[PDB]
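Pasted below: work.pdb, PDB, C-alpha atoms.
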MODEL        1
ATOM      1  CA  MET A   1    -101.824 -34.382  54.956
ATOM      2  CA  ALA A   2    -102.506 -33.710  51.274
ATOM      3  CA  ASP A   3    -104.483 -35.868  48.845
ATOM      4  CA  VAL A   4    -101.338 -37.657  47.669
ATOM      5  CA  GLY A   5     -98.346 -36.060  49.362
ATOM      6  CA  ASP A   6     -96.562 -34.379  46.464
ATOM      7  CA  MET A   7     -93.493 -32.986  48.227
ATOM      8  CA  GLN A   8     -90.527 -31.512  46.356
ATOM      9  CA  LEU A   9     -88.138 -28.554  46.239
ATOM     10  CA  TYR A  10     -88.485 -26.137  43.323
ATOM     11  CA  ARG A  11     -86.074 -23.226  42.900
ATOM     12  CA  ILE A  12     -86.982 -20.139  40.872
ATOM     13  CA  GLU A  13     -84.731 -17.665  39.062
ATOM     14  CA  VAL A  14     -85.668 -14.759  41.331
ATOM     15  CA  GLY A  15     -84.086 -13.322  44.462
ATOM     16  CA  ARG A  16     -83.594 -10.200  46.564
ATOM     17  CA  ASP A  17     -81.456  -8.732  43.781
ATOM     18  CA  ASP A  18     -84.402  -9.350  41.454
ATOM     19  CA  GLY A  19     -87.181  -8.068  43.693
ATOM     20  CA  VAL A  20     -88.409 -10.991  45.782
ATOM     21  CA  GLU A  21     -88.220 -11.924  49.464
ATOM     22  CA  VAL A  22     -89.019 -14.851  51.760
ATOM     23  CA  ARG A  23     -92.426 -13.418  52.654
ATOM     24  CA  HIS A  24     -93.123 -12.721  48.979
ATOM     25  CA  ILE A  25     -93.158 -16.234  47.520
ATOM     26  CA  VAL A  26     -94.651 -17.525  50.771
ATOM     27  CA  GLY A  27     -97.423 -15.000  51.333
ATOM     28  CA  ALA A  28     -98.255 -15.358  47.647
ATOM     29  CA  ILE A  29     -98.882 -19.107  47.521
ATOM     30  CA  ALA A  30    -100.159 -19.037  51.102
ATOM     31  CA  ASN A  31    -102.735 -16.393  50.183
ATOM     32  CA  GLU A  32    -103.689 -17.922  46.832
ATOM     33  CA  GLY A  33    -104.707 -21.253  48.332
ATOM     34  CA  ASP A  34    -105.134 -22.798  51.773
ATOM     35  CA  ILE A  35    -101.374 -23.136  52.236
ATOM     36  CA  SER A  36    -100.009 -21.348  55.302
ATOM     37  CA  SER A  37     -96.676 -19.768  56.232
ATOM     38  CA  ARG A  38     -96.062 -22.764  58.493
ATOM     39  CA  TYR A  39     -97.552 -25.461  56.263
ATOM     40  CA  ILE A  40     -94.854 -24.697  53.695
ATOM     41  CA  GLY A  41     -91.726 -26.829  53.912
ATOM     42  CA  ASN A  42     -88.263 -25.348  53.438
ATOM     43  CA  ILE A  43     -88.029 -21.944  51.759
ATOM     44  CA  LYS A  44     -84.832 -20.326  50.483
ATOM     45  CA  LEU A  45     -84.138 -16.755  49.372
ATOM     46  CA  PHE A  46     -80.874 -16.123  47.523
ATOM     47  CA  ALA A  47     -79.707 -13.122  45.498
ATOM     48  CA  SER A  48     -81.457 -14.280  42.326
ATOM     49  CA  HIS A  49     -83.046 -17.552  43.441
ATOM     50  CA  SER A  50     -85.523 -19.004  45.937
ATOM     51  CA  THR A  51     -86.718 -22.480  46.915
ATOM     52  CA  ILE A  52     -89.961 -23.714  48.468
ATOM     53  CA  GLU A  53     -91.756 -26.971  49.264
ATOM     54  CA  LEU A  54     -95.532 -27.335  48.988
ATOM     55  CA  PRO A  55     -97.375 -30.116  50.864
ATOM     56  CA  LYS A  56     -99.951 -30.073  48.066
ATOM     57  CA  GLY A  57    -100.769 -33.480  46.615
ATOM     58  CA  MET A  58    -102.352 -32.704  43.253
ATOM     59  CA  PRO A  59    -100.347 -30.369  40.977
ATOM     60  CA  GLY A  60    -101.109 -29.513  37.362
ATOM     61  CA  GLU A  61    -103.462 -26.699  38.344
ATOM     62  CA  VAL A  62    -101.030 -23.793  38.010
ATOM     63  CA  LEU A  63     -99.044 -25.483  35.242
ATOM     64  CA  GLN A  64    -102.239 -25.457  33.178
ATOM     65  CA  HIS A  65    -103.479 -21.893  33.659
ATOM     66  CA  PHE A  66    -100.099 -20.300  34.375
ATOM     67  CA  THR A  67     -98.433 -22.349  31.637
ATOM     68  CA  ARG A  68     -97.265 -19.245  29.777
ATOM     69  CA  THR A  69     -98.001 -16.563  32.371
ATOM     70  CA  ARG A  70     -95.773 -16.431  35.451
ATOM     71  CA  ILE A  71     -93.963 -14.049  37.798
ATOM     72  CA  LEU A  72     -91.800 -13.707  40.908
ATOM     73  CA  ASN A  73     -94.470 -15.795  42.633
ATOM     74  CA  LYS A  74     -95.494 -18.180  39.852
ATOM     75  CA  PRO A  75     -92.980 -20.650  38.355
ATOM     76  CA  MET A  76     -91.343 -18.198  35.950
ATOM     77  CA  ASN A  77     -88.134 -20.160  35.382
ATOM     78  CA  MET A  78     -87.888 -22.845  38.065
ATOM     79  CA  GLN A  79     -86.970 -26.533  37.882
ATOM     80  CA  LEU A  80     -87.658 -29.753  39.786
ATOM     81  CA  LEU A  81     -84.713 -30.919  41.894
ATOM     82  CA  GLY A  82     -86.492 -32.772  44.683
ATOM     83  CA  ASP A  83     -88.889 -35.713  44.563
ATOM     84  CA  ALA A  84     -92.080 -37.048  46.147
ATOM     85  CA  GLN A  85     -91.214 -39.224  49.144
TER      86      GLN A  85
ENDMDL
END

Give the structure from this file in structure tokens form.
Amino acid sequence: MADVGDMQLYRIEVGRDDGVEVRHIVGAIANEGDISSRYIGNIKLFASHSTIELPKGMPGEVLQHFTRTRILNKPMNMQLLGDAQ
């Protein structure tokens, strides 16, 4: 029920072996904005990777400010594999 419906699956280069969990990337984005632990789509947590889908429908906010600054939570080294339905 976002403004547009931007829905995709982005995987980061961070996992349990790195220092991140399922409640880490979730509670981070869920606490930063209005997003909730349930609102989030599918979330993955590998050894050194993790996926997540945001129902948000108006990106470009974090990519602007956090364009050079990122972390386990922020898009440090992730890529777009999904696509907006």

In Å to one decimal, how far is CA of residue 49 in chain A from CA of residue 27 in chain A? 16.6 Å

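The interatomic distance for the pair CA of residue 21 in chain A and CA of residue 4 in chain A works out to 28.9 Å.
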
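What separates CA of residue 47 in chain A from CA of residue 84 in chain A is a distance of 26.9 Å.
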
If I wrap all listed atoms of range 23-28 of chain A in a box with edges along x, y and z and add 5 Å on each side, what are its centre and edge lengths in Å to one decimal, as AutoDock Vina command-line options?
--center_x -95.3 --center_y -15.1 --center_z 50.1 --size_x 15.8 --size_y 14.8 --size_z 15.1

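Nearest-residue note for residue 57 in chain A: choosing from A:1, A:26, A:12, A:6, the minimum distance belongs to A:6, counting all atoms listed in the file.
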
Can you give me, as a ChimeraX atom specification, the residues this file yields under the PyMOL selection byres ((chain A and resi 41) around 6)? /A:40,42,53

Of the listed residues A:80, A:71, A:9, A:14, that which approaches residue 54 in chain A most closely, counting all atoms listed in the file: A:9

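In terms of minimum interatomic distance to residue 48 in chain A, A:16 ranks closest within A:70, A:11, A:16, A:23, counting only C-alpha atoms.
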
Suppose a student applies the PyMOL selection byres ((chain A and resi 74) around 12) to this structure; what residues should they get, written as a VMD selection string? chain A and resid 10 to 14 20 24 to 26 28 to 29 32 50 52 61 to 73 75 to 78

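Closest approach to residue 18 in chain A from the set A:46, A:36, A:31, A:2 is made by A:46, with distances taken over only C-alpha atoms.
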
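Take the candidates A:22, A:8, A:83, A:17 and check each one against residue 55 in chain A using only C-alpha atoms; the shortest distance goes to A:8.
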
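Counting all atoms listed in the file, the residue from A:5, A:79, A:30, A:44 that sits nearest to residue 59 in chain A is A:5.
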